[PDB]
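This report refers to the structure that appears directly beneath it.
Values in this text are rule-based calculations from the coordinates and carry no lab data. Using ideal geometry, Cβ is built from the backbone for each residue, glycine included, and neighbour counts are taken over all protein chains shown.
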């Protein structure tokens, strides 16, 4: 049970890491840059997640 | 038998995915861009496959 | 001419049922005996479309938005509908797109059109050697300041009157993606008394027009002053929405079945497993 | 032990396209007397794969070359459907505003290139031709508009509309202004105010047939072997056989479940050829121990 | 709740190059403080300005932050601030030991290290004077015009 | 191999002027060939070069 809890906790906590982007929240990146410069950073989030 | 059949159908769908590139079929990419500009789309295809 | 009909009444946008309508070839790739799931601007199955008709002292020709995409379906014996009026302001103020199919070719002109209050044409003294040829053109007296002109290829359409069951069906899909006009067309014979026939069919593309003008509204012209009337005709107006269909291609490449993913919860399972047979389960 | 993968290499190369009807006007439109404004741009649809290989000004003949993908010299083996020549005149500092999906004054308010644009952006210095004494008021530009324009959308309206946040109800007045403006081109100042006629070529890749390819035409067909074929711009290696595949008259080629080339049609005559890759497989080596025998 | 009663922002000046959303659409967005900034660069340094990008003025003098959604308002000062023989009033650092991060500035005009060997302040010891001045000539092109 | 330290860092000459490259960047930079053009001119003709 502790190993399952630690696995789920790691799985959620990994969402806060930036993975090479400016920030971890997708709404701040989609709310600032235009879509053509934006596809490289979302693709970096996609490959990492 | 269904899991083995379903596994090969997974490979066919992966062959059809674009993986963030211009087109999922490689022959239009090798036949269009020169090798230095083409290497950007090819590294995406190799790591994804 | 200036005043309208005393019996003219605007009907409300009544709704009817549309079953298998709205399935077309989404792209130009040919495929055989596979199941492809695509995303494009579509007409949802089992949706509500406007219900209009004409019978033997009511004429309704309103203005509707072209915004989210449209679907036109006309069931007519003598092919009353020649074409449509496209544009933002739909008048001489701004540019307006006019497409006309005269049963020879498809005439496309963008000009400044002086608008007559009652557009129509006429055929007089048909008693001997009918032939249904065009006689007088009363819609527009003059045209100028033309920014675009196009003439399409010669086509085949039968304007001759017939007897018996409905001999013609015209199915057209009109949409604009990033300034690219995508026109889809289907013509098939049916056996029908009243209503819509039970069946399934797919629509083929017609022309690709790189015009690129913003069109927020559209109009319909009817061609068959108080003594003149409009004949019996029917047309349907659908609304396109960006949905996802699962298409079933047969051995000949035609679309023999279509499953809308978000339509029903059984079809949600059909779209998750990518098959037309869903094994039992949650 | 598994070592290498045996593969049959293609012996020959078959590139098959019909006879040349006519040739595209690339330099005839370059010699035109005058172009339209930035918002009024003239478009000419002239199809097929190959325009003209004899006269090519694409190499260091003009003022400014900003290209994407490949240059016109490398376009001879690539077959495309539509060719749209767009003509408009800009100034020197607005060359930087032409690029797919990027903003700007002329990008947002006049014309922005779509993300599907594969062509080259061609500019030429008109100061020895289009320039006039005291400024050229013939060309126009729309500096202000009520809303942003999507890629490939044209607004030719020259009338007086809302400029700022307060509508003035048509005719000029009530602290509004006339949206359209004109260029001030003067021959004696620097590059930023120098006119550049911009001709851009927008490409769309579809399945429609091209009737003209290269100086060579027939290259007689050889079937039942793996060869390098280029048909409508698709280069691959496979066996050309006849099949029962039924294609619609306007559909040139099909694809399989792997989203790869399945069957193609002859652009020259009426035929349907199925592409089946030539047989290959692995090589297994049955050998004893090194201390026993080398067989 | 920036003052909407008095608005001079509509076509009162020479030219408007805007990005993102207009001041008219800022009513649907919520900001705390709004600073109106004013500065002068040359014509050649206009093209080096791009959102979150590199350049000669970007990694050396000042780089604009990634958060700017507003309009860039400009007026033509070439007939006022520019002078014959160069304008020595404004100063700039053309060279710096390292590239700047986004939204970072160094305004110091004093004498510092030029090359790879520090000369310890005041000019000498086979170093050169880091600071440079504008060479603005009214008879040349757009690149030398103040904006 | 040419030693530019006694030619520059020693400050034994009257003056020097550089074009396109800093005098301190020549230690980590260099090109394929180096030439030396020797000629005698007057003082008023130094600015003409």
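Calculate, for residue B:39 and residue D:57, the FRET efficiency according to 1/(1 + (r/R0)^6) with r their C-beta to C-beta distance and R0 30 Å; round to the nearest 0.05.
On the way: r = 29 Å, r/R0 = 0.98.
Using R0 = 30 Å, I get an efficiency of 0.55.
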Tail weight of P(r) past 35 Å, computed on alpha-carbon pairs of chain D, percent
42
Which percent of Cα-Cα pairs in the stretch C:116-167 sits in each 5 Å bin, short to long?
4, 11, 14, 17, 22, 17, 8, 5, 2, 0
Estimated Rh, the stretch C:77-179: Kirkwood, alpha-carbon pairs, angstrom:
16.0
With the cut-off at 16 Å, report for the stretch F:5-49 the share of all Cα pairs above it, as a whole percent.
55
Considering every residue in E:41-49, what mean count of other chain Cβ atoms within 10 Å of its Cβ is obtained?
1
Quick note on C:133, C:157, ordering by fewest other C-beta atoms within 10 Å, gives C:133, C:157
Cα convex hull of the stretch C:1-144 - mean projected area over all directions, nm²
13.5
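Find how much the distance from residue E:27 to residue E:126 grows on full extension, using 0.36 nm per residue of separation minus their present alpha carbon separation; answer in nm with one decimal. It would help to have the intermediate numbers written out before the result.
Working: separation 99, 0.36 × 99 = 35.64 nm, distance 5.70 nm.
Roughly 29.9 nm would be gained on extension.
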Taking every pair of alpha-carbon atoms in the stretch E:17-126, what share in percent sits in each 10 Å bin, from 0 to the bin with the longest distance?
10, 34, 33, 17, 5, 1
If you bin every alpha carbon distance in the protein assembly as shown into 10 Å steps from zero, what whole percent lands in each bin?
2, 8, 15, 19, 20, 16, 11, 6, 3, 1, 0, 0
Could you tell me whether the stretch D:1-77 comes out rounded, prolate or oblate from its Cα gyration tensor? Rule is a ≥ b ≥ c as square roots of the eigenvalues, rounded for a/c under 1.5, then prolate if a/b exceeds b/c, otherwise oblate.
prolate
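Return the FRET efficiency for the residue pair residue C:68, residue C:135: r is the Cβ-Cβ distance, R0 is 41 Å, and the value is rounded to the nearest 0.05.
On the way: r = 39 Å, r/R0 = 0.96.
Efficiency computed from Cβ-Cβ geometry: 0.55.
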What is the ratio of the Cα radius of gyration of the stretch C:1-48 to 2.2 N^0.38 Å, where N is its residue count, to two decimals?
2.05
List the equivalent ellipsoid semi-axes of the stretch D:225-295 in whole Å, largest first, each obtained as the square root of 5λ for an eigenvalue λ of the Cα gyration tensor.
41, 11, 10
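What relative contact order, as a whole-number percentage, does the stretch D:1-127 give when Cα pairs under 8 Å and 6 or more residues apart are counted?
29
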If the label point is 7 Å along Cα→Cβ of residue C:100, which residues in the stretch C:49-85 have backbone nitrogen under 20 Å from it?
C:78-85
Within 10 Å of each residue's Cβ, count the other Cβ atoms and sort F:30, D:67, D:49, C:271 from fewest upward.
F:30, D:67, C:271, D:49
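Given the -39500 (n - 2.57) contribution per DSSP H run of 4+ residues, what per-residue ellipticity at 222 nm results for chain C, rounded to the nearest 500 deg cm²/dmol?
On the way: 1 runs with 9 residues, N = 282.
When only DSSP H runs of four or more count, the value is -1000 deg cm²/dmol.
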Between the stretch C:67-83 and chain A, what is the C-alpha centre distance in whole Å?
48
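Quantify how strongly other chains surround peptide D:249-261 by giving the mean number of their Cβ atoms within 10 Å of each of its Cβ atoms.
Values: counts 0, 3, 5, 2, 3, 5, 9, 6, 10, 8, 12, 7, 3.
Mean inter-chain Cβ contacts per residue within 10 Å come to 6.
What does the convex hull of the Cα atoms come to per residue for chain C, in Å³?
Numbers: hull volume 45.5 nm³, N = 282.
So the per-residue hull volume is 161 Å³.
Which order do D:198, D:8 fall in if you start with the one that has the fewest other Cβ atoms within 10 Å?
With the fewest neighbours first, D:198, D:8 line up as D:8, D:198.
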Which number comes out as Rg/Rh for the stretch D:80-154 once both Rg and the Kirkwood Rh are worked out on C-alpha atoms?
0.98
Pair residue D:189, residue E:110: separation of 7 Å Cα→Cβ label points (nm):
4.1
Ordered shortest first, which distances in nm separate the 7 Å Cα→C-beta label point of residue A:46 from those of the other copies?
2.1
Which value results for Rg/Rh of the stretch D:160-295 when Rg is the Cα radius of gyration and Rh the Kirkwood radius based on the inverse mean 1/r?
1.39
When every alpha-carbon pair in chain B is counted, what percent end up more than 17 Å apart?
40
How far apart are the residue A:26 label points across copies, placing each 7 Å from Cα toward Cβ, in nm, shortest first?
3.0
Where along chain B is the Cβ that lies nearest the axis linking it to chain A, and how many Å separate them?
B:47, 5
Principal axis box of the stretch C:139-282, alpha-carbon based, largest edge first, Å:
67, 43, 32
Which percent, to the nearest 5, of DSSP beta bridges fully inside the protein assembly as shown are antiparallel?
95
